[PDB]
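Here's the letter readout for the chains.
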Amino acid sequence: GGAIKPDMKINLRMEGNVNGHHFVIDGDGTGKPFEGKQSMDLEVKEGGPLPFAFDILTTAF
Amino acid sequence: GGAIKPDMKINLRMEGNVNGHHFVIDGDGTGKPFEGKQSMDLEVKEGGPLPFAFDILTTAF
Amino acid sequence: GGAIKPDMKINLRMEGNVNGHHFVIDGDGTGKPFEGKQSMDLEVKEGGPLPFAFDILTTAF
Amino acid sequence: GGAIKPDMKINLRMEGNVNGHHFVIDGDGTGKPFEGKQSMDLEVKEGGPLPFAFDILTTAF
Amino acid sequence: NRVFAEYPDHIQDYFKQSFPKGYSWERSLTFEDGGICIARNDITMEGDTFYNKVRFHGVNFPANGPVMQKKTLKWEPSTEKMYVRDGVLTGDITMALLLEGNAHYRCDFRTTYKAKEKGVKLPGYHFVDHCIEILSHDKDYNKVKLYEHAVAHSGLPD
Amino acid sequence: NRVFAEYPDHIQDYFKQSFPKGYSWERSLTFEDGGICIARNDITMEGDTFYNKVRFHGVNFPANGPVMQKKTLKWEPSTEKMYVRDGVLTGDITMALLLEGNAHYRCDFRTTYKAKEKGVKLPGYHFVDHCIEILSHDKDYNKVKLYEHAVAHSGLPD
Amino acid sequence: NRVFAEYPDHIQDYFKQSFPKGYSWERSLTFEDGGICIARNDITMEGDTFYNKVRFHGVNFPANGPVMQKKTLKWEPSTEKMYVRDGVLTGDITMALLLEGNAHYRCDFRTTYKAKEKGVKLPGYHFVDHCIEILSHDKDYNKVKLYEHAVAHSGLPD
Amino acid sequence: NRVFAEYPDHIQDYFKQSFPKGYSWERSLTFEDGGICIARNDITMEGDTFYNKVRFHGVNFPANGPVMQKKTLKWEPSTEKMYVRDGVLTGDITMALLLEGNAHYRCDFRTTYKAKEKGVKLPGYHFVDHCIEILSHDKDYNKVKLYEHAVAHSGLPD
C-alpha cells in the first residue's frame, strides 16, 4: 500500500433533496480498505425527520 | 398514388404466445389509406378465450 | 383568468451540476399564458463557459 | 435427489426469428446437475448460416 | 400498418411508397411492470388487398397485473415520433392503457419500418397521431371489431 | 412552466388553477446513452411575475457523447402525455435532440406536477404539444435567448 | 436450464424440485442499443434425459450493430439475482458481451421460472453465478459446442 | 467509496491507485416504479482521513410507494459488474430493496468512477460483491450506524 493506510478515518457531508424535501447529513467513521470493510455514524443535521426511506441513501455515503 | 387505392381490403393472420398462452387470430377488414382510417373484424381461432387483456394485441393487427 | 394575467413577467435562477461542473444561471423573460408562449434571456452567472450542450437545460427554465 | 441422476443427457430443438431471419437449431448434450455443469453440440438445421451473432442465442439452449 | 395514415404533401410517405412490393415492421412493447412483448408483421399486397403475416410474443407479465387480470379498458390516443436510426425509419411512442378506476398503465413502443425495396426515400423527423379503438366485442373477446385513425404532421408550430 | 400552454375549455388547466399560490415540478431526463438528469422548479407568483427557483443535476454522460461534446442542434417539437399516477399529475414525453449529421439523440422525460395548495382538480388524460427553441446566443452560450410555444389538446379524433 | 446449477443445502433448489414433472421459463433480453429478444423453454424429463422446446424471437437490432454485424466474442461471466415477484420466481441479470475491440455491449436479463406441478416451494432471495462459453464452432457457426458452469450462493458475507 | 473493497492482486485496483489525489463517482439509481435518484461524491484524502462531499437528488417517487411510505427493510447483498465504457470505469448493478411483506423493490445502478490524476490504469471486466447494512438507528432515523463489506473477484470459474 502506502498512500492508503490499513486503518482510515472517514469524514463526510451529504446535502440533498428527495421529492422536494431538503436535507443535510453528517458522517463520521472508520474503515479497513484492504479488508474491504467500513462503518459510519450518520446524523441528520437538517431536514429531520426524513419523510422517505433512509435506505435509498445508504450506498451514497 | 395509383399503386395504393382509395379503398383497400385487408386480410390478416396473427399467431403468438403471451406468458405461455398460445393463440391464433384471423382478421378481415377494409380501409381508406389516404384518409388514414381502417377497420377490421377479428376472430380468435386458437387459444380463446384469451387469458390476458386483448388490448395489448390491437396495434399489431 | 383573474389570478394570471394575459401578459406575465418571469424571474428565474438555476443552480446545478452536470458531470462535476457547477454553474448558476439567471433568467429574465415574459410570456402570454393564455397563448402558450414565452421567451427569456438567460445569462450564465457562474461556471461559464459551460463544457456541455446548453440544450439539456432549456426545458428546465 | 433420486429423481434427477448425477449424469443427465439433454435433447433440444429451438425455433425462432431474429430481425426477420427464421432458423431452427437442434441440440444434443450431457451434464452434471449437482455439479452445475453442462455441455451441448448445436447444429443449425434451417436458416444457416445465421446472419447475426450466435452469442445472443446461447443462454436459451 | 402505417399505410393507413393521412400523410400531408410536405412529409415523405415511406409507407405508401413501399408498395406494391410491400414492407415489414418490428416492434418492442415494454410495459411498466416488466411485461415485455415483441411483434412483427410482413405486409404484402395483391390487387386491392393487403396481406398481413403477424407474430406476437410476450413474457414476464405479473400474474396479478392488469394484463393477466384483464383490467384494461383501451389504449389512449397517441402521438408517434418518427425518425431515422442507423438508416432505418423508427417510431417511438409513449403509450398508455386506461385501466379501471381511471388509472393508466404505461408502455413504451419502438417500431422499426423496412420497405422490401432498398433505397425508398426516408422522411425527416415527424409525427403521427393515432387513435385505435375496439368498436365492439363479444363477452370474452373471441370476436372483435377494430378501428384506427391516424394522421401525420410536423408538430408545432406548423 | 406549463402555465405557458394554451388550454382549451374542455380540458382542466391544472397549472393556471395552481395560482396565486403556485406549484412545483420535478423531472427525470433519461438519455439513451446513460446520461441522466434530475431537475426541479418551485414556482411562485407576486404581482404579474412568476419566480422560478430551479435546480438541475446530471451524471453519467459519456465523455465522448453529444452532450459533453456539444454536438446538439435543438430539441425536436414534441407531444407530452399528461395523466395521473398515484394522485399526482404526470407528464411523459418521447424527446429527441437533433444532432449535427442529421441524426437524433433520444431522451425520455417524466415530469411530476404538484400544486402547492389544495383545491386544484386533477385533469383527465390529455396532451400538450411543445416547441422550444434557442432564438439566439453568443459564442459560449453565456447569453441565450429562449422561446417556447405549447398547446394542449385531446388527440384524435378530437 | 437452471437445473444445471450447484445448489448448497441451505438454499431451496426450485429447479431440481420441479422434476420429474418439469418446468418452463420465459425471458426478455434487453440490449442497450434497442435490440430486444424474448425467449421461452418448456423443459420436461423422461428417463435420464431433459427435453427442451425452445423459441427465440428478436427485433429492432441496429443494422450496423454488433449483433447484426457479428462482432461479439462472448458473454462475460455473470451473477443472476433470484427473487420472488408476484408469486413467481424471477431472475434479473446485468449481462455483457465482449466485442471485437475490447469494448462491451450490455444486455439486461429477466427470466421468470415456473414449475409445472403446483406446490413447489419458492426459494428466498439468492444468487446464481454463471459462465457460459462456446468451446468450439465451425466457420459459419452451423455447428457449435456450448458449455456452462453455474453455482448458487447467498452472497456476502456467507 | 469503492476504495473499501478487498481487491485480489490479479485485478487492477483503480480506487486505491487513485490516491493521494483521489477520485469522484456519479451514480444513477433507477427504481422500478419511476422513482429516480442521482448522486455524486468527490473523495479526497489527507493524513489518515478520507473526505467525502456528497450530493443526492431524488424525484418522481410515487406518493404511496415504499420509499415515501417508509416500507423498506434493507438492500439485499449484491454483485456489481465493473467494466470500461468509452474510456470510463463503470459499475452496473441489479440492486433490490427488501420490503415489508417480503416482496422486493428493484433499482438499477450505474456508477461511473473517475480518478483525479490522469494515467491511472483501468481494470478489465470484473466483479465486486457487496453487503451494506444499517447496523442500528434511532426512531426517526435521525441517527444511523451504517456498515459495508465489499470483495472484488473474477467470477466463475476463478
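Residues numbered from 1 in each chain as written, not as in the entry; some residues may be left out. Chains lettered and ligands numbered in written order. Heavy atoms only, no water.

Regarding how it was determined, this PDB entry cites X-ray crystallography in its header, along with a resolution of 2.0 Å.

> I'm lost on the overall build of chain E in this one. Help?
A count of helical and extended segments in chain E gives zero helices and nine strands. Ordered by position in the sequence, the α and β elements of chain E form the string β-β-β-β-β-β-β-β-β. Radius of gyration (C-alpha) of chain E: 17 Å, near the 15 Å computed for a compact globule of 158 residues. Principal-axis analysis of the C-alpha atoms places the extent of chain E at approximately 45 × 40 × 30 Å. Here chain E holds 158 residues, and 64% of them are scored as buried. In chain E, 52% of the contacts between residues at least 6 apart in sequence involve partners at least 24 apart. Of the roughly 6000 Å² of accessible surface on chain E, a fraction of 47% belongs to carbon and sulfur atoms. Taking the average location of the 21 positive side-chain charges in chain E and that of its 22 negative ones, the two points are 5 Å from each other. (Helix = DSSP H or I, 4+ residues; strand = E, 2+ residues; numbered from the N terminus. Rg over C-alpha atoms; globule rule 2.2 N^0.38 Å. Buried < 20%, exposed > 50% of the residue type's maximum accessible area, 1.4 Å probe, protein only. Contact = heavy atoms within 4.5 Å. Areas by Shrake-Rupley, 256 points an atom, 1.4 Å probe, with all protein chains shown as cover. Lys, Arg positive; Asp, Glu negative; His and termini not counted. Charge placed at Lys NZ, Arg CZ, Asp CG, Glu CD.)

> Would you mind going over a negative patch on the surface with me for this structure?
Together, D7 and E35 of chain A together with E6 and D48 of chain H make up a negatively charged patch on the protein surface. By the element assignment, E6 of chain H lies in the segment before β1 (23–31). For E6 of chain H, a relative accessible area of 38% puts it in the partly exposed group. (Patch = residues over 30% accessible without salt bridge, like charges linked within 9 Å, V, L, I, M, F, W, Y side chains within 5 Å. Salt bridge = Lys/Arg side-chain N within 4 Å of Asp/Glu carboxyl O.)

> What should I look at first to understand the side chain of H126 of chain F in this one?
Residues and elements named next belong to chain F. Relative to the assigned elements, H126 resides in strand β8 (residues 126–137). When its relative accessible area of 2% is taken as the criterion, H126 is described as buried. A distance of 2.7 Å separates polar atoms of two side chains, one belonging to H126 and the other to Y7. Of the polar contacts made by the side chain of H126, one reaches the backbone oxygen of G124; its length is 2.9 Å. Here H126 is in contact with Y7, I11, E80, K81, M82, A152 and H153, once residues within four sequence places are set aside. (Polar contact = N/O pair within 3.5 Å; in protein donor to acceptor, adjacent residues only side chain to side chain.)

> I tried to follow the environment of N41 of chain G on my own but got confused; where do I start?
Residue and element names in this part refer to chain G. For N41, the position within the fold is in strand β2 (residues 36–46). Each C-alpha atom, one on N41 and one on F15, is 13 Å from the other, the two residues being 26 residues apart in sequence. A polar contact is formed between the side chain of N41 and the side chain of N52, at a distance of 2.9 Å.

> What exactly am I supposed to notice about the layout of surface pockets here?
If you roll a probe as big as a water molecule over the atoms, it shows you where there is empty space left. Estimates place the volume of the second largest pocket at around 720 Å³. Taken together, 24 residues make up the lining of the second largest pocket; nearest its centre are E32 and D33 of chain E, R85 of chain F together with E32 and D33 of chain H. Sorting the residues of the lining of the second largest pocket by element identifies β7 (104–115) of chain E, β5 (78–85) of chain F together with β7 (104–115) of chain H as the ones contributing at least two each. Here the residues of the lining of the second largest pocket sort into eleven nonpolar, five polar and eight charged. (1 Å grid on protein atoms, 1.4 Å probe; cavity = no way out; pocket = protein on both sides within 12 Å on 5 of 7 lines; lining within 4 Å. Points joined across faces, edges and corners; volume = space filled by probe spheres on them. Nonpolar A, V, L, I, M, F, W, Y, C, P; charged D, E, K, R; others polar.)

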